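Below you'll find the structure, written out as C-alpha cells, and then a few comments.
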Amino acid sequence: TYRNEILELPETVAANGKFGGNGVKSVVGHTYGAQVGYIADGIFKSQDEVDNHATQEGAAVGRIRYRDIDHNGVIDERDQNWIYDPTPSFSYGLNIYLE
Amino acid sequence: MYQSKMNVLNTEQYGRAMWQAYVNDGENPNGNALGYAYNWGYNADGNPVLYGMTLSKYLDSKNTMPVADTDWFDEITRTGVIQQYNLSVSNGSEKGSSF
Amino acid sequence: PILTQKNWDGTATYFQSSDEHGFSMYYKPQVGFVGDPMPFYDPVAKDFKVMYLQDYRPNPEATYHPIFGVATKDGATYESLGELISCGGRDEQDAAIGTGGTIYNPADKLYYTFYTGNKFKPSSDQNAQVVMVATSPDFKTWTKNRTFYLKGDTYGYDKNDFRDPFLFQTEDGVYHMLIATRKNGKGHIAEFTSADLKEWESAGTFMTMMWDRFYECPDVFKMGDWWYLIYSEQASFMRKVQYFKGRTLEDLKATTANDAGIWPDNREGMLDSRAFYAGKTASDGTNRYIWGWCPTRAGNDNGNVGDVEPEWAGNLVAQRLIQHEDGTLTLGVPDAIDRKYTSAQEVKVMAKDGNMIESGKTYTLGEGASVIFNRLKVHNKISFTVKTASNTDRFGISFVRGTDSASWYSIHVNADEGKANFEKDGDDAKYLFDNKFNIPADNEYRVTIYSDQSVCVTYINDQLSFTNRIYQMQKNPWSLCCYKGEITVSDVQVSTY
Amino acid sequence: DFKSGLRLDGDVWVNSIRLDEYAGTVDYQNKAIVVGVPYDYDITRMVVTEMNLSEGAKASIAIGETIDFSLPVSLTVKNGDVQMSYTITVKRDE
Ligand SMILES: [Mg+2]
Numbered sequence: 770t771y772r773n774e775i776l777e778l779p780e781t782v783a784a785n786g787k788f789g790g791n792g793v794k795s796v797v798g799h800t801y802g803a804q805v806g807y808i809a810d811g812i813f814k815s816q817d818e819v820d821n822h823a824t825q826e827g828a829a830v831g832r833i834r835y836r837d838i839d840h841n842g843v844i845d846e847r848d849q850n851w852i853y854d855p856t857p858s859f860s861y862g863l864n865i866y867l868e
Numbered sequence: 224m225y226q227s228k229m230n231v232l233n234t235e236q237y238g239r240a241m242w243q244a245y246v247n248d249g250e251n252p253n254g255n256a257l258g259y260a261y262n263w264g265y266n267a268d269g270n271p272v273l274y275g276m277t278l279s280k281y282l283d284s285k286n287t288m289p290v291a292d293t294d295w296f297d298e299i300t301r302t303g304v305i306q307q308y309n310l311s312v313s314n315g316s317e318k319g320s321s322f
Numbered sequence: 007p008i009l010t011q012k013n014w015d016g017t018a019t020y021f022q023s024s025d026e027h028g029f030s031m032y033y034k035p036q037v038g039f040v041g042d043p044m045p046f047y048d049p050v051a052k053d054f055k056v057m058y059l060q061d062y063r064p065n066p067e068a069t070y071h072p073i074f075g076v077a078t079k080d081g082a083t084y085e086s087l088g089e090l091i092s093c094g095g096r097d098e099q100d101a102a103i104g105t106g107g108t109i110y111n112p113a114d115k116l117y118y119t120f121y122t123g124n125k126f127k128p129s130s131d132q133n134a135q136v137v138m139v140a141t142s143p144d145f146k147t148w149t150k151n152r153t154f155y156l157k158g159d160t161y162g163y164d165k166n167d168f169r170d171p172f173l174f175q176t177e178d179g180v181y182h183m184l185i186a187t188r189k190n191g192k193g194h195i196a197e198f199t200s201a202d203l204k205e206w207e208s209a210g211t212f213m214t215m216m217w218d219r220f221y222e223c224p225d226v227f228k229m230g231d232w233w234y235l236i237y238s239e240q241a242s243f244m245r246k247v248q249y250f251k252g253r254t255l256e257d258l259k260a261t262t263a264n265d266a267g268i269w270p271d272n273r274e275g276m277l278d279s280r281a282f283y284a285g286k287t288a289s290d291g292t293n294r295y296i297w298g299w300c301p302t303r304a305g306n307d308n309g310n311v312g313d314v315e316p317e318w319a320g321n322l323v324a325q326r327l328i329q330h331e332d333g334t335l336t337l338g339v340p341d342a343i344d345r346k347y348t349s350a351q352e353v354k355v356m357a358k359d360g361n362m363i364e365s366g367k368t369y370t371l372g373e374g375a376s377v378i379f380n381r382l383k384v385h386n387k388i389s390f391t392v393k394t395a396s397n398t399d400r401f402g403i404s405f406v407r408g409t410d411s412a413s414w415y416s417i418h419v420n421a422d423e424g425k426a427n428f429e430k431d432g433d434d435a436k437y438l439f440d441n442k443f444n445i446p447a448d449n450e451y452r453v454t455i456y457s458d459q460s461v462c463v464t465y466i467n468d469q470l471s472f473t474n475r476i477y478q479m480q481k482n483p484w485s486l487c488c489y490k491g492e493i494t495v496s497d498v499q500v501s502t503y
Numbered sequence: 004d005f006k007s008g009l010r011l012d013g014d015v016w017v018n019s020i021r022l023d024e025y026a027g028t029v030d031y032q033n034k035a036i037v038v039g040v041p042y043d044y045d046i047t048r049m050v051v052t053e054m055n056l057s058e059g060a061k062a063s064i065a066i067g068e069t070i071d072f073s074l075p076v077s078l079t080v081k082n083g084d085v086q087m088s089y090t091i092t093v094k095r096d097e
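Chains as they are written, first to last, in the deposited numbering: chain A, 770 to 868; chain B, 224 to 322; chain C, 7 to 503; chain D, 4 to 97.
Right under this line is the structure:
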C-alpha cells in the first residue's frame, strides 16, 4: 500500500489542472490525478421531490439529483468536491504451489 | 477466448430505447426519421407502452443497405491462437562455458 | 441520500413551478396535445368515447393530424384508446384531418365516423377539403372507406372551405350531416340527408351565417323543449364559442335566416372566453357534457395570450351544460370533477397590506384591500361566497401572487360593466381579455375555482364560466383584491387531492 | 444469444399489380407504381384484381375492393416485422 501527494506546483499549472482537479481547484495537497466533480444523490422520482430539492438547471423527473455542498439553495460550479482518488487502499497477491 | 464481451443493444432493443427516450421527452417517436415505425399506446395510468415496432427494409432510398441485426463485437472478435517453441542448449566447464 | 423538505405552508415567496407532461383531471396525453374534441356516446358500453386530434410542436411538413380516442364514464377520469385513424399519405387527400362526427348504426352494428381530409398544397383543380368516412366493428380498429369521396364543388359549395361534418339522427330514422361550408362567398351550413350513410342527398341550405363569418364544429341537439346549435367562431377578433336557441327545428332554421341576429340572450350567446374553443356537446340521456380545448401559451407565459389568434391545440376541458327555465344555457362543473376533491386544506392570511379587517372566517375588504392566502397544490378547488356593497363593484382574484411577486395574473369581476376581465397585473398592468355574464341582483356571488395543474375554470353563482391557462399557479399563493367597491368574503374552503 | 428475433429478412418487393384490366409499371428507386388510362377511363372506381408481392408479404390494400385513384395512394407492404412504402398513381394519358 502507498499514499501519493503533491506538495509544490506552479500556480498556473495548478490553475489549469492538467495534473488533476479538472481546472477547478488546485491539486496541491491531494493525490496526483485526483479529480473534482459534483455529487449524485440518486435521481428525481416525482415533481414533489424536484420542487423540494434545491433549484438547478435542467431539473426534471427522472434526472440526476446533485447535492448542494454549500447549502445555498442553488447548484452551480461551487458545488464540487474531491471525489476521485486513483490510489488503491492495498494491492495483494497470493501464490500456492502444491506437489 | 474473448470474455469481456460488452452487451450492446440489438436492433429491437435500440428501437425500444429510442421510443422510450422520445416518449419521455414528449416528442413523437414516429418522427425519428430512422426508418422506425412504432405502434404504441397508453395504459390506465397514462404511462406510454410500446406494443410493437417495424423497420424499413432498406435504410437508403437506393435500396442498397438492407436492415439487419449485426453483432459487431462477435464480428470483429475471434478465437486467438498462441504458439510457443523454445530450445536451449547449455554447456559449462571450469575452463569455459557457453549457452 | 436524505431528501430535504421545504416548508411550503408558511412561506409566501413566489416559486417557479413546472407542469407535467400528463394531466389527471383535464386530460392531456404525455405526448403531444389535444385539438378539437369529438364527443360521442357509446350505446353499447353506455359511456363516453371522445376522439380528438393529436398535435405536436414539430409537426410533419406534409401530413400532421394523428387521431386518438379517449374513453371515459364521466368527466373526471379518462383513458386513452390509442391511435384510431392513421394520418394519410403525402399525396393523399387525407394528409391533414379536420374535425368531424361519429354515429353508431345498429342496423349493421357498426361505428361510422366522418372526417375532413385536407390535401397538402392542393392544386387549383383539386378540392382542398374532402369529407371521408371510416368504419369500425368494435370502436377498436378502423378502416377508411376508399369508395366514398364527398366533394364540396359537386353541389356548388366552396372547394377550399368544406369542414366539420356533424352527423346526427332525427326521430324519423334518417341521418343528417351538417357542413359549415361557403357558398358564393357566403357562409352556409348545408345539410345532407341519408338513410344508410352511403348515399347522401343535399337538402338545400340548412342555415346561413352571420355577417359572412365562419363557424367551427357546429352541433345541433335538443334539450327537453328547445333546439340548440352550438358552434365556435373562426373570426380572429371573436375566436370564442356561441350558440342559438329555438323551440323547434324549423324555428331554429328560421332563426337568423337572413341577418336577423336573434341572439338567444342578452350576452349574444357567449359561453366562455378565448381560452375555450371547438366546444362540442354530447348527452348520456340524463346529462349534457361539452368538450373543448383550452389553448397553450407561447413560451409558457401567461402574459403572451397571442396576437390575432391563440396557439392551436392545448388541454381537453369538459364542462356540464345547464338549462334554465328561459332556455338560456350556462356551463357548469361536472359532478364527478366536483366530487373528486376530497381532502380539505386549512387557509390562513400571510399578507396584510391594505385596510381590510378580519373577523373569524369572514373578511371585509375595501378600496385597495388585498389579502393573500396560503400556497395552492397541483389540484385545487377554492370555494367561497362574496357579498358586495352595490352592483357596481370591482373585486378580483389574483393568481401567481406573493410577497416578492413582481407581477400577478388577475380576474376582476366588474359589476359596472357586468362582466369579468382577465388581465396581467403588477409591473405590466396589461389587460388580456374578458367575458360577459349576468350580474345577480342580490349582490351575492358563489365563486368556485377548479384548477388542474395549469388550467383553471372559475364558476360565478352558476352563471359565469371562465377558463384560463395560468402557468406557475400551482404551489403559489392566491390573493383576493378590491379596487372600487366594498366586499365581504366568507366560507373560504380549499380542497385538494 | 444476441439476435432479437425480429425476422429482419422480410421480402417486401412488389412484382406486379393490375387495376381492373390495366397493368402498372413499378419503379423501385423512387417507390412508384404508374398506371395509365386511355384518356377516357373513369378513374374513380378501380377494382384491385390481382397483385403479387412476395412470400409472407402483406399489404394494406386488399383484393376485390374498389378504390378511387384520383390522387396518388400510399401502399404499405409488410413482411414479418419490416415495412415498405410505395406510391400508386394513375395518369389520364395526354
Ligand atoms: Mg450550491
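Beta carbons are placed, not taken as given, at the ideal position from N, Cα and C, and that holds for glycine.
(request) Evaluate contact between the region 244–263 of chain B and the region 836–855 of chain A, counting only Cβ atoms and requiring at least three cross-stretch pairs below 8 Å. (result) no
(message) With H, G and I counted as helix, E and B as strand and the rest as coil, what does DSSP make of residue 4 of chain C?
(response) A question about residue 4 of chain C goes unanswered here, because the residues of chain C that appear run from 7 up to 503.
(message) Let's see if you can read the secondary structure: which residues bound the beta strand (DSSP E) around C/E364?
(response) Following the DSSP letters along the chain, one finds C/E364 inside the beta strand (DSSP E) bounded by residues 363–365.
(request) Find the residues of chain C that neighbour D/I70, judging by a C-beta separation of less than 8 Å, and give them in chain order. (result) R152, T153
(message) Within 8 Å of any Cβ in chain B, is that where the Cβ of D/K6 sits?
(response) yes
(request) State the start and end residues of the unbroken beta strand (DSSP E) segment that holds B/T277. (result) 271–279
(request) Taking C-beta pairs closer than 8 Å, name the residues in chain C that D/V29 reaches, listed in chain order. (result) Within chain C, no residue comes near D/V29; the closest Cβ sits about 17 Å away, beyond 8 Å.
(message) Less than 8 Å between the C-beta atoms of C/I378 and C/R407, yes or no?
(response) yes
(request) Enumerate in chain order the residues of its own chain whose CB-to-CB distance from B/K280 is below 7 Å, with the five nearest sequence positions on each side excluded. (result) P289, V290
(request) For the region 10–28 of chain C and the region 808–824 of chain A, state whether three or more C-beta atom pairs, one from each stretch, are separated by less than 8 Å. (result) yes
(message) Considering only the alpha carbon of each residue, which of D/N33, D/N82, D/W16, D/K6 lies closest to B/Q236?
(response) Among D/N33, D/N82, D/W16, D/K6, the Cα nearest to that of B/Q236 belongs to D/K6.
(message) Tell me the DSSP secondary structure of B/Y237 in three-state form.
(response) Of the three classes helix, strand and coil, the one that applies to B/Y237 here is helix, per DSSP.
(message) Is A/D839 close to ligand 1? I mean its beta-carbon at under 7 Å from any heavy atom of the ligand.
(response) yes
(message) What does the Cβ neighbour count give for C/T254, buried or exposed, with the cut at 16 atoms within 10 Å?
(response) The residue is exposed, with fewer than 16 neighbouring Cβ atoms inside 10 Å.
(request) Verify the contact flag: C/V495, CB atom, against every heavy atom of ligand 1, threshold strictly below 7 Å. (result) no
(request) Please check the pair D/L74 and C/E67, which I expect to be a contact at CB under 8 Å, by giving their CB distance rounded to whole angstroms. (result) Between D/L74 and C/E67 a beta carbon distance of about 18 Å is seen, past the 8 Å cut, so the two are scored as non-contacting.
(request) Determine the extent of the alpha helix (DSSP H) in which C/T78 is found, giving its start and end residues. (result) Element bounds for C/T78: not the alpha helix (DSSP H) but the beta strand (DSSP E), 73–78.
(request) Look at the alpha carbon of B/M241 and the alpha carbon of C/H71, and state the distance between them as a whole number of angstroms. (result) 22 Å
(message) Measuring only the C-alpha atoms, how far is C/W484 from C/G338?
(response) 23 Å
(request) Consult DSSP for B/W295 and reduce its assignment to one of helix, strand or coil. (result) helix
(request) Verify the contact flag: A/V793, CB atom, against every heavy atom of ligand 1, threshold strictly below 7 Å. (result) no
(message) Any beta carbon from chain D within less than 8 Å of C/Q135's own beta carbon?
(response) C/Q135 does not count as touching chain D.
(message) Please tell me whether C/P43 has its Cβ less than 8 Å away from any Cβ of chain B.
(response) no
(message) Would C/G252 and C/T261 qualify as a contact pair, given that the criterion is a beta-carbon distance under 8 Å?
(response) yes
(message) Along the chain, where does the alpha helix (DSSP H) containing C/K346 start, and where does it finish?
(response) 341–346
(message) Which residue marks the beginning of the beta strand (DSSP E) containing D/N82, and which one marks its end?
(response) Taken as a continuous stretch (DSSP letters only), the beta strand (DSSP E) holding D/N82 covers 76–82.
(request) Could you round the C-beta distance between C/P49 and C/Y110 to whole angstroms and report it? I think they count as a contact, below 8 Å. (result) 6 Å
(request) Using alpha carbons as the reference points, say which of C/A140, C/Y234, C/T153, C/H182 lies closest to C/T336. (result) C/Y234
(message) By alpha-carbon positions, which one of B/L310, B/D297, B/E317 ends up nearest to B/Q226?
(response) B/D297
(message) Let me see if you follow: with CB-CB separation under 8 Å, is B/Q236 close to chain D or not?
(response) yes
(request) Say whether chain D places a C-beta atom closer than 8 Å to the C-beta of B/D297. (result) yes
(message) Beta-carbon within less than 6 Å of C/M183's beta-carbon, same chain only, minus the 5 sequence neighbours each way: which residues are those?
(response) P171, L173, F198
(request) Answer yes or no: do C/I343 and C/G81 have a C-beta to C-beta separation smaller than 8 Å? (result) Going by C-beta atoms, C/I343 is nearer than 8 Å to C/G81.
(message) Give me the subset of the region 16–35 of chain C whose CB atoms are less than 7 Å from a CB atom of chain B, sorted by chain position.
(response) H27, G28, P35
(message) Just checking: is the beta-carbon of C/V384 within a distance shorter than 8 Å of some beta-carbon in chain B?
(response) no
(message) Given this structure, state the Cα-to-Cα distance separating C/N444 from C/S30, to the nearest angstrom.
(response) 32 Å
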